[PDB]
């Protein structure tokens, strides 16, 4: 029950950061004021697997101030802010397993430790807060392999590891089963539900739900309007250049920036690059998104067409093998490559790092310089992992306030309906009125005056004076 952090003496620095960011998160603060003295999450055991940053610390503190017990780990080996981990590990009923620059082996250990609440009966959490689906994955795969072992006596061999991170994952599961072949099966049965924060995690849930593999309720927090339209757009508009500037200090204006993918994240990234004066190039597979990109003055092309002159290459597709080895080998000298989508699959950093005749030179934390066979030296950020969270501090508190408000409401609704049959083992979405509520909490801070709908106006539009004001199909 002892937290594991880099250095507990950073707690005060983290505490100061939390106190300040409090004014930047009017949404979360409003939640504490309403459901505060009520303690609606009293006795609830919540395990979280989300970037251990300052904004995340304020989410933890909100959940615990709501009366819940928490075990937490980071969902990325570089996103953890040590001062935030130390500060949060100080709270009562909160245990944390996270630190910056953790190895892949240590990463899975933290996820497992966060999901394990002691031993024996009720060894798992009541609810899960995931960001990418790693905690959810471990549970589902654990249950899957435990059944395979109880039938064919077969264990997950890290031999068939199609990746280094997968090797540690399979190793963790193999050792887990050899210690207690029913651990995950018993835990999964007590889980009320999970709430997914990102597009990638939702994609995983949808595929499991499609094949009826979901063991418990899953709430799609990422598809909430006040999340995908704010977090994914305005957040990346902020943290992309921030991560690029801290990592390289290079000029962006007048430079050729290549953005792969023009969905929510791509739109946000491109907007900030355009405002700085960069020459934006977009790659896309979806014709609808491509036209949106062209209408903003961007040039839509295939990577092969611009890979030779590109100064910055940012992937925001949430797909795999977007920037292949053959592309990296053709880049100009001093080209910068980073991924802001998911894991490290978008860019074949591994293939490049293990290529014959490649020299890897570390410039600073999360920043490496690779010497290509032809002599060109390119820059790779966070070894292909989230550059905004690895080279910077991720989204600003004000943006994360929207996301964490939806997360909190997801946990509240899941816990308050645990004794009902409102939720099955499927993916659900938060109601429309909650989205408007979250938005309403941030209006004052923004000095935005909302107009009151009149009686005639209400009848004409066919809506209530309090909302919702749009239909469920509205795209905003």
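Positions refer to the first chain, counted from 1.
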property: Stretch exceeding the other in mean C-alpha B-factor - 241-249, 344-352; result: 344-352
property: Higher-scoring stretch by recorded Cα B factor average, 310-318 or 97-105; result: 97-105
property: Member of 156, 394, 133, 277 with the greatest C-alpha B factor (per the PDB record); result: 156
property: Out of 52, 66, 430, 46, residue topping the C-alpha B-factor column of the entry; result: 430
property: Position of residue 129 among the chain's modelled residues by C-alpha B-factor, lowest, middle or highest third; result: middle
property: Residue 174 by Cα B-factor - lowest, middle or highest third of the modelled chain; result: highest
property: Assigned third (lowest, middle, highest) for the C-alpha B factor of residue 434; result: highest
property: Within-chain third of residue 385 by Cα B-factor, per the entry; result: lowest
property: Chain-wide C-alpha B factor ranking for residue 223, given as lowest, middle or highest third; result: middle
